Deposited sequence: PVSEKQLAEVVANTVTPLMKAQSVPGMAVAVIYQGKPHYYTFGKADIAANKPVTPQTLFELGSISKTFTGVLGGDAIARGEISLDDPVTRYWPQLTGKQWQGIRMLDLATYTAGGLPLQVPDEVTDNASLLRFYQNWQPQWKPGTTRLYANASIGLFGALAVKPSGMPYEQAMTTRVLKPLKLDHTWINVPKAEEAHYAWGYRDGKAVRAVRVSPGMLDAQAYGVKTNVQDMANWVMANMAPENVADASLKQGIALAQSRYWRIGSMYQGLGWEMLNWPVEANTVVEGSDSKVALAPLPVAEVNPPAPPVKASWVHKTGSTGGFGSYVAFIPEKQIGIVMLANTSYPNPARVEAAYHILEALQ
């Protein structure tokens, strides 16, 4: 039964050395423990303007955005709007190239379509060029054999998953995920009016922010630590989410679809069985591993959420680096938002150390 006093010490004693070693200007942290969020803020949101990080500071989540995509897609499945076992072409009949036969919505969502690349290339700017890109793509692997982390994969999933709803992605996300969960300061483009809360990111000493398609779905969300804490709590404990499809969608996103070594792929979320040692998680976070094409083992039918899991996701942009992790069995979790992109293994190491203090 670690006290709030002790928890505050552990967080400060971990984060302060981390910020110094990694040259991080500002960090917002939330620890979920004993049924509530505990908030800790450090440093500066804007160095030149000498603005401190507060619980209202907005950070760029980068690829943690994909957890919102996964849950939104889960919600759509629970509504009966889509099935992961449907072919991609069900939702895009203009995608007539025969290499798409046998590629399921599941494969887009979980990076197993057979080599869709990390990025959608910059000449893709409209539906005609999106179509040309996917029509021209030649798979390196058969479907369901190789996991290659890819915005071009889950991004397209997110676009197609919302088609039945008739809403564009941002509206579908806001209406079906953010608003029901009272995530009222979570944005794709930050309204002019909220600009005062937006941190600057920092890269090699320069203040930077993300530029204003499939980007929202893969890396475009901005939020503060309060909304992110409440996001983690909803995913940790969907039993407390009242909306029946949303509750189911959260579970579908934490279901295991594939095993890749020591991890399992969900919809956005990734999982390891708990207990897990720090080196397992830290070593898996290295880009040389995380971005590699690796063989998969199907989990068929998908395994529903396992409470004894380390559930996590890293996310970065040019100027920001964030991490979230939680353990449903223990009802503990953490959010670490920062306005510099520092190495993923260091994020995991710090997060693991803090949560270890609580178990």
No C-alpha positions exist for deposited residues 213-216
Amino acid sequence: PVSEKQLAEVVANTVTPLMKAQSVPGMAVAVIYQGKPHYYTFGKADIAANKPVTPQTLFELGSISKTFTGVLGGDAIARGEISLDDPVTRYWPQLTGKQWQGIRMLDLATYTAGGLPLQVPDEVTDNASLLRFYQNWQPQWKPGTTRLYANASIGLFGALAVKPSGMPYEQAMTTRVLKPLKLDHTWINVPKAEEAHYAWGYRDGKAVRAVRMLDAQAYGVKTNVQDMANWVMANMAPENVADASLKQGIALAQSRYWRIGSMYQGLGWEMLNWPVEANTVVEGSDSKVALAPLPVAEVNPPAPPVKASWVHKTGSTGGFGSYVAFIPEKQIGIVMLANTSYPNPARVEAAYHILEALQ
From here on, numbers count along this sequence of modelled residues.
On mean Cα temperature factor in this entry, is 181-189 or 252-260 the higher one? 181-189
Mean B factor on CA atoms, stretches 286-294 and 314-322, record says higher is 286-294
Residue selected from 28, 47, 61, 334 by maximal Cα B factor: 47
Residue with highest C-alpha B-factor in the PDB entry, from 86, 107, 81, 270: 86
Among the modelled residues of its chain, the C-alpha B-factor of residue 197 falls in the third labelled highest
Lowest, middle or highest third: where is residue 346 by Cα B-factor in its chain? middle
Compared with the other modelled residues in the chain, in which third is the CA B-factor of residue 212? highest
Within this chain, which third does the Cα B-factor at residue 203 fall in: lowest, middle or highest? middle
What third of the chain does residue 21 rank in for C-alpha temperature factor, lowest, middle or highest? highest
